[PDB]
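Peer 1: to kick things off, part of the complex as it is:
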Amino acid sequence: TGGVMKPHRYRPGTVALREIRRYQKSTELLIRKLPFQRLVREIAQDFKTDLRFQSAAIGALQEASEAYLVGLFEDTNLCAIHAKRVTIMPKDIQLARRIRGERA
Amino acid sequence: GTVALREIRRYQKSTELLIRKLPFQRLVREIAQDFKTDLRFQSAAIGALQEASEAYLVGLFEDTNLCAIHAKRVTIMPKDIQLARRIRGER
């Protein structure tokens, strides 16, 4: 009789609310540097090649993309809350972009 | 319900202004009075204000209709008004 009682798992939302507080308190970059840099180079390749990208330009692009995505997710959370849901769906993303004017 | 679609089709096909001129004129003068007294007004400025306010209200009502559509409803509510204003960036 040497068995061990298990601590079970957390409820859905508890670790979510914890990590919400943790990411809203801290300020580090959430997108990995090298895959984002490769993605930026892939997008820039389509117009004209042999285009070198300074580290500061890549960092500014990353900061702008993170700010845009955070604002869009705040608006999409407001959309989901308005529809009596707690889970965001792509339809809220499309509606937020529509009302913001980014999507025609 | 039928006369609702009749009104939608009639007003979406029409181009004249729907806000009555004299109450809007008195509203503009009453609002402008508390910034500065003895203010005169050109008629064209009042017409420009009326046209801009009507366009803005039409756009707000369209976005509010979209918000009402999102919540599986057909009736617009004040919460749709502040949702559209909050997302559009007004305070």
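Peer 2: Structure's in. What do you need? Residues are numbered from 1 along each chain as shown, chains lettered A, B, ... in the order given.
Peer 1: with just CA atoms, put the strand or helix carrying residue A:15 into CSV.
Peer 2: Using DSSP states H and E, residue A:15 maps to helix A:14-25. What follows is helix A:14-25, C-alpha atoms only, in CSV (Å, rounded to 0.1, in the frame of the first residue of the first chain):
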residue,chain,number,x,y,z
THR,A,14,-7.8,29.4,-13.1
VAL,A,15,-4.5,28.9,-14.9
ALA,A,16,-5.9,31.1,-17.7
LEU,A,17,-6.6,34.0,-15.3
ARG,A,18,-3.2,33.4,-13.7
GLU,A,19,-1.4,33.7,-17.0
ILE,A,20,-3.6,36.7,-17.9
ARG,A,21,-2.3,38.5,-14.9
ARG,A,22,1.3,37.4,-15.6
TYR,A,23,1.3,38.5,-19.3
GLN,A,24,-0.5,41.8,-18.5
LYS,A,25,2.0,42.5,-15.7
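Peer 1: so how far is residue A:93 from the spatially most central residue of chain A?
Peer 2: Taking C-alpha atoms, centre = their mean, the centroid of chain A lies closest to residue A:69, which sits 5.5 Å from it. Distance from residue A:69 to residue A:93, counting by C-beta to C-beta, to the nearest Å: 11 Å. C-beta coordinates here come from the backbone N, C-alpha and C atoms, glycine included.
Peer 1: please apply the same query to residue A:13.
Peer 2: The gap separating residue A:13 from residue A:93 is 22 Å, by C-beta to C-beta.
Peer 1: same question for residue A:6.
Peer 2: Distance, residue A:6 to residue A:93, by C-beta to C-beta: 39 Å.
Peer 1: out of those two, which sits in the busier spot?
Peer 2: residue A:93 (17 against 6; other C-beta atoms under 10 Å in any protein chain shown).
Peer 1: let's put chain C on the structure above:
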Amino acid sequence: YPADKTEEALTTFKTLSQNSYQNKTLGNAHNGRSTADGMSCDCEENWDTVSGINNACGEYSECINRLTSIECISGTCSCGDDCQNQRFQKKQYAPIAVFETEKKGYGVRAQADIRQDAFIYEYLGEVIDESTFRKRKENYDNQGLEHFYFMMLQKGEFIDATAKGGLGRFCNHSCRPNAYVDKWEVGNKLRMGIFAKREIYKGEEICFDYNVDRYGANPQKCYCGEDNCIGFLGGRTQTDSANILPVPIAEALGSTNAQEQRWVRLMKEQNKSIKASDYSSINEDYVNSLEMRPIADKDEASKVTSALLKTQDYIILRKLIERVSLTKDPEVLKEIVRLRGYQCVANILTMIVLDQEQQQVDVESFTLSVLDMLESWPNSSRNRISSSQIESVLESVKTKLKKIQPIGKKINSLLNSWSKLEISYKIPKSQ
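Peer 2: That brings us to chain C, laid onto the chains above:
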């Protein structure tokens, strides 16, 4: 009610007011990563001037830290000192008593009515590493202790309640428990608390689900008395090759941990698919490939009867009936009669030869393989059959499969033999 055993239970171990640590590194929150920016709730301190009690961070307050299972620390949080979210630190346990149960030993009872979601008692013990846990487990197995006293605080860190701990070690397992264990963060440390899953009245026993990992240990029968009891204490076993079928059912087929190991080791490691641990779907190939040996133990006969009452699979029942055919010990057969094996065999017949999920030739082979031991078992009185009325099922199946004349003639011989038996006299009772 039962006599109180609180002091007697307390004398059996070294009472602790707080968790003890093997070393300062173990038990630290965030794997030892000191969150210097400790999570401070924005609650304003609500001091009731009459009682002088800081009502901030209460049960029905909106304290974020309370929701996220984090305790407020005095001098760091805006809630002030002595807030209502210092339950672990203030040690405000629910009032409980110890009473001797009929079969489970000492057990914990509520001395007062306890609200839903209320903190009952902090599980206490020594925080130990994995090697120390293994050494203590081996020592206790050598000592022959028949009681669990280990709980997993987190990965690689366990809590032992054997020699030192608190009253929580006396809580008994219930398959429909009224309380549950939860993990909370107090400062830079991790605690394990016990909370009320429902409303509990005074005098009622306080129980929680053990969800016990055996780590290869043998099953222990569960005597909780709950209607939803599974009959054994357990939980998801070792990561692979540990179980293909439920124990009682596996041991009914003569399979053990070695035979359940061998099949998976021979195929899964050699690029052939075996699904995860799930007993809802029976793998017929394993049951066919299993070896069969005669039964000579009555507990194995009880496990066979449980397997008959539980398993619906055609192939498992085929192999159990074949094992019974190999079995010829009269005492085990008398035990099966006491367990009313005929009652289970009636349903086993009905599911296969009245309900038709299989082919008539294979069902005929099954019926010929199941009539033989029915013909062979010792019988002395129709009182045995009367507990099952399996003769009715035999008549129904000989009538349905009337074209298969060997089955009909065997059932003729069987009912002729059974009809010669008298009925055991049962004393009439007043009405």
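Peer 1: which residues does whatever residue of the stretch 301-431 of chain C ends up closest to chain B contact?
Peer 2: Relative to chain B, the nearest point of the stretch 301-431 of chain C is residue C:312 (43.8 Å; C-beta to the nearest C-beta). Residue C:312 makes contact with residue C:351 under the criterion C-beta atoms under 8 Å, 6 or more residues apart in numbering or on different chains.
Peer 1: wait, is it part of a helix?
Peer 2: No. Residue C:312 sits outside any helix when classified using DSSP: H, G, I helix; E, B strand; the rest coil, being coil.
Peer 1: which single residue in chain A comes nearest to chain C?
Peer 2: Nearest to chain C, among the residues of chain A, is residue A:2, at 3.8 Å (C-beta to the nearest C-beta).
Peer 1: hang on, that residue packs against residue C:142?
Peer 2: No. Using C-beta atoms under 8 Å, residue A:2 makes no contact with residue C:142, being 10.5 Å away.
Peer 1: so for the two, which sits in the more crowded spot?
Peer 2: Per other C-beta under 10 Å, whichever of residue A:2 and residue C:142 has more neighbours is residue A:2, with 19 against 8.
Peer 1: helix or strand: which one has the closest residue to the more buried one other than its chain neighbours?
Peer 2: Leaving out its chain neighbours, the residue that sits closest to residue A:2 by C-beta to C-beta, 6 or more residues apart in numbering or on different chains is residue C:137, at 3.8 Å. Per DSSP H and E, residue C:137 falls inside helix C:130-143.
Peer 1: so who does residue C:9 touch?
Peer 2: Residue C:9 touches C:98, C:106, C:167, C:170, counting by C-beta under 8 Å, 6+ apart.
Peer 1: kindly incorporate the sequence below as chain D:
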Amino acid sequence: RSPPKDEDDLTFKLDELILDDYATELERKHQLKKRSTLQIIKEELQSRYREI
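Peer 2: Let me add chain D to what's already shown:
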């Protein structure tokens, strides 16, 4: 191991037994006159070694 409310033991269920039919069946099968013996057994089971 779990006696009912205000009962020391399950010996009270003996009073529902029909001892006459049991004695009749004993006399038929085994040719034993045991009608008084069933009563003596019942009384002794209800209270072991009374003061007579």
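Peer 1: same question on the contacts of residue C:312, but now with chain D added
Peer 2: Counting by C-beta under 8 Å, 6+ apart, residue C:312 touches residue C:351.
Peer 1: distance of it relative to residue B:84?
Peer 2: Going from residue C:312 to residue B:84 by C-beta to C-beta gives 58 Å.
Peer 1: got it, and residue C:65?
Peer 2: For residue C:65, the distance to residue B:84 equals 35 Å [C-beta to C-beta].
Peer 1: wait, what's in contact with the residue nearest to the spatial centre of chain D?
Peer 2: Against the mean C-alpha coordinate of chain D, by C-alpha atoms, centre = their mean, the closest residue is residue D:42 at 2.7 Å. By C-beta under 8 Å, 6+ apart, residue D:42 lies in contact with D:14, D:15, D:17, D:19.
Peer 1: what about the third one, how many neighbours?
Peer 2: The number of residues packed near residue D:17 is 15, by other C-beta under 10 Å.
Peer 1: contacting residues around stretch C:292-304?
Peer 2: Residues outside stretch C:292-304 that contact it (C-beta under 8 Å, 6+ apart) are C:248-249, C:251-254, C:319-320, C:322-324, C:326-329, C:331-332, C:335-336, C:339.
Peer 1: restricted to helices, list those residues.
Peer 2: Members of the contacts of stretch C:292-304 lying in helices (criterion: DSSP state H): C:248-249, C:251-252, C:319-320, C:322-324, C:326, C:331-332, C:335-336.
Peer 1: now for the helix or strand hosting residue C:288, which elements pack on it?
Peer 2: Element membership for residue C:288, per DSSP H and E: helix C:284-289. When contacts are defined as 3 or more C-beta pairs under 8 Å, 6 or more residues apart in numbering or on different chains; DSSP states H and E, helix C:284-289 sits against helix C:314-326.
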